[PDB]
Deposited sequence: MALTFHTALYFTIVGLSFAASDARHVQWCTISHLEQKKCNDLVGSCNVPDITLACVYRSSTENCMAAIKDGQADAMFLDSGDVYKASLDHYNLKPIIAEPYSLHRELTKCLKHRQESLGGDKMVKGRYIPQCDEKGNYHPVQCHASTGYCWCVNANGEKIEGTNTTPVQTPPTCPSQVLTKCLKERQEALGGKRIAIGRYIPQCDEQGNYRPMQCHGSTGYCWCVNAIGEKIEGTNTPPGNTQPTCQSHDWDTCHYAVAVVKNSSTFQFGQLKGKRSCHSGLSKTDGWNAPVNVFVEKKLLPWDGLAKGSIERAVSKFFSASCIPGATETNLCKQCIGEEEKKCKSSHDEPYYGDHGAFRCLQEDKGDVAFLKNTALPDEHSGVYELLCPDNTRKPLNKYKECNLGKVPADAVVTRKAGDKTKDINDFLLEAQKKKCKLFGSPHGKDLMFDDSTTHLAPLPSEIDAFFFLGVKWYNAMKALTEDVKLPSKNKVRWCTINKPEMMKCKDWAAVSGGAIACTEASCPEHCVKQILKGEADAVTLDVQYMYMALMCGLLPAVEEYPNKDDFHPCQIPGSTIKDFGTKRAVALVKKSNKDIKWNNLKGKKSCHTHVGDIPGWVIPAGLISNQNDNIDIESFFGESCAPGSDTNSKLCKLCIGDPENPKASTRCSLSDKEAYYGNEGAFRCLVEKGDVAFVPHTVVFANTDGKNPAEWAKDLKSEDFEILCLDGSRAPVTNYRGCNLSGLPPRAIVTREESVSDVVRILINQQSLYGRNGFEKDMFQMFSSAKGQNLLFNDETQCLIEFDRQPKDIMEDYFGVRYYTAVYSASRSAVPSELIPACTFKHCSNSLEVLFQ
């Protein structure tokens, strides 16, 4: 196994060469491939000449475009603000669940808010071990008849861990971190031999401009500093006197043409403050405008002549986006100011001098100057993290991650070098972790910075707030949507995707505006931050909410999952269903499987619904499991048993009912299956005038009730399907849809021109065909999850937790950003 690293300079190649020797990772060998610039390396990786490099966030964006097709895979974790601990969050969520769902696991947290390593389930007497994240170490379950397992102690905090390494079993003359009671870094750190002191934030990162030699006034260190985003800054010498607004005509040093901190951040501010005549691509390129603003600059990678004048690389190396140019990068730009080739340098706080005292200070965009350690209040914006990138295909992602994980474990010299600063990686980097598997530049940089960077390269025409771009998931849907667009008068347009999740992505990225989602996709869509705008109201009995919009809805009319049992089986209650014989419409059905499987795992330590019941019929299971023993199959024997078709006699809503009456204690079905197959409503013999009063439904409190009270005695009601959009677009979508519905709904004034809720091109295109109308979602001040799902469903299916991961998109779309307001 090999990993080929792309280097951009002789210095970097040399450092990467040292690592090939000094860093011994078994199973994976590193090699180093030279190219003359960041862009040539991007092309090398695209072409397979190399596998990985580290890129500034600005180049991460450039690399994500079709010319190169690279993606971020590894980056240093950062933090925006202090958050509740996981265990306390988990406790709060589970305590907020539906109290009618009894016997749920409530985590046990310790005096620091972490998970006790031993976790126990009160109602079942089961205990197990957990990792720091509170996830079960599988295979440590101990039952109540045994004593609680012995579980390894939790992993130490960074500070106490770093304090343990430093001591190393016995220390002298070296820095030993000082930790507080909670195990975080004390704000002020001091070296026990040199007498120096400086500040760190809560995770031990040094605050620049605070390093203080002994004998000098101690630094003032902020406590509870959990803002670890990097900040773009303008650094100047205290021997000059201009302010930010007087930058025109000065000499400047920039980290590089394509760096966020050296280009995007300042240029963004230049434009907002109108220091720079320029607004759209009609005024030329931004580089050219900047060329007119400064007299002479050094901006590695620029073409304009004066923007390379102050660089000092020799011959072809001059002004190269490469360390072969001595003024390239954050520490090159600072060096360029230090040596007085510039009056201001644009870089980021991690490149600022450590020492409190000296000739440098910050140039704030509000036309004041402030000390180096005040960058958090004297900056040109937070900038995104930087990342290791590779090809979108990801053929080497594992090898790259494995190598870097192992190299860091072994403490190889990844993050410094005698040859120079910021070679291969930023010298300020402390740890590199894998990013979410589905992350791309959009989700890594975040919508704000992604759009901000796009906005410098092209006039981004923002689509109309009067037009809903509808996302479709198949060609028949696309054709019905084009029919809608033709009559809509421009209110409706159309986009195509291959599945609902890709529609969610399109809406997040501003390529579409709305889509209708099945319940099974709403948890992922809400976690990503989309909101219900309107919902499909399916109640054929009451059309009042449709005629009079806004009026009160007596019954939303969604299905209710119920536990159906016979009146004669007087001994079966909800709490003793274990072992009994059950009938499920089929695996994956919400009312017949997902809701029942959710409650059984909530109350029984995630014991398989397969093992919970004795003998059941649930089509879609394995033909050899207890979940198919009850399954007849085809009455015209071919074998078509436990199959997901009508070939199975016990499939579907009716089929689960049959299974019950014939050979079963309980069937899980919507509340309508009983009524629609008793009172002789089914002519087939098995339900020969079968009576509705012969059955009852189990309530969660052990009680029972007649099938008619399903509204108060159900496992859970389903939420309606929802039309989701971006938050800022809810108002527009609602307005456009309600209007369209007045024209082409079931009572539309122009229902002859177009019918929203039917089509000849197929069934349930865009909307479900049985939809009565679309009702505006009444957003309540509470958790959107509870609001959309209702507490019963949220609890029964998701444990009322925001931590389930039913789609791997969730970790990517919830990735946090370093954005500005």
In sequence order, name the stretches of the deposited sequence that have no C-alpha in these coordinates.
1-23, 194-195, 664-665, 849-854
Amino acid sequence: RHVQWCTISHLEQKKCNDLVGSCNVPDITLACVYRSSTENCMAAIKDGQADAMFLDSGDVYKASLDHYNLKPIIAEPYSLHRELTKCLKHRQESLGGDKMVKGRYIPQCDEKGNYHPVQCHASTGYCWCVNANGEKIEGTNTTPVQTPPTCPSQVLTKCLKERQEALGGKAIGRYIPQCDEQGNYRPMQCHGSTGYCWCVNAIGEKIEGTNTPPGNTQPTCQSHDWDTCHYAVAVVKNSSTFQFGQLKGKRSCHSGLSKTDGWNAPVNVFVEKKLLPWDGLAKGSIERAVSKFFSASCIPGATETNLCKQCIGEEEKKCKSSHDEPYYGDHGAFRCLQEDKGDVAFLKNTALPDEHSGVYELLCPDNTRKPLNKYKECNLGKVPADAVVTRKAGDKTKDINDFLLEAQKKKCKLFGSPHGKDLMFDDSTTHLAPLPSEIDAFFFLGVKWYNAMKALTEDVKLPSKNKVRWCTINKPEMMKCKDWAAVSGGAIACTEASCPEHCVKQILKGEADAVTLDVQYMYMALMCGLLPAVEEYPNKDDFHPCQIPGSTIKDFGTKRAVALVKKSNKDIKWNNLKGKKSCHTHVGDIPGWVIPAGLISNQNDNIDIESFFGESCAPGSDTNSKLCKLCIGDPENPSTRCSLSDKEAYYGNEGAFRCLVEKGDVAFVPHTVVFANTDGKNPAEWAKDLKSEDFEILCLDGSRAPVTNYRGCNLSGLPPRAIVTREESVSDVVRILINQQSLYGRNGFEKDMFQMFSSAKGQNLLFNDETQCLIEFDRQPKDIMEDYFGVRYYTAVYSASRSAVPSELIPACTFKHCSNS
From here on, numbers count along this sequence of modelled residues.
Averaged over C-alpha atoms, is the B-factor higher for 187-195 or for 271-279 in this PDB entry?
271-279
State which stretch shows the higher mean Cα B factor in the entry: 282-290 or 102-110.
282-290
Quick one: which of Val487, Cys631, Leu531, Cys120 has the biggest Cα B-factor according to the entry?
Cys631
Reading the B-factor column for Cα atoms of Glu361, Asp330, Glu458, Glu205, the highest value belongs to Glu458
Sorting the chain's modelled residues by C-alpha B-factor and splitting them into thirds places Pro353 in the lowest
Select lowest, middle or highest to describe the third in which the CA B-factor of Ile73 falls within its chain in this entry.
middle
If you rank the chain by CA B-factor, which third does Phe556 end up in: lowest, middle or highest?
highest
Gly394's Cα B-factor: lowest, middle or highest third of the chain?
lowest
Sorting the chain's modelled residues by C-alpha B-factor and splitting them into thirds places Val805 in the lowest
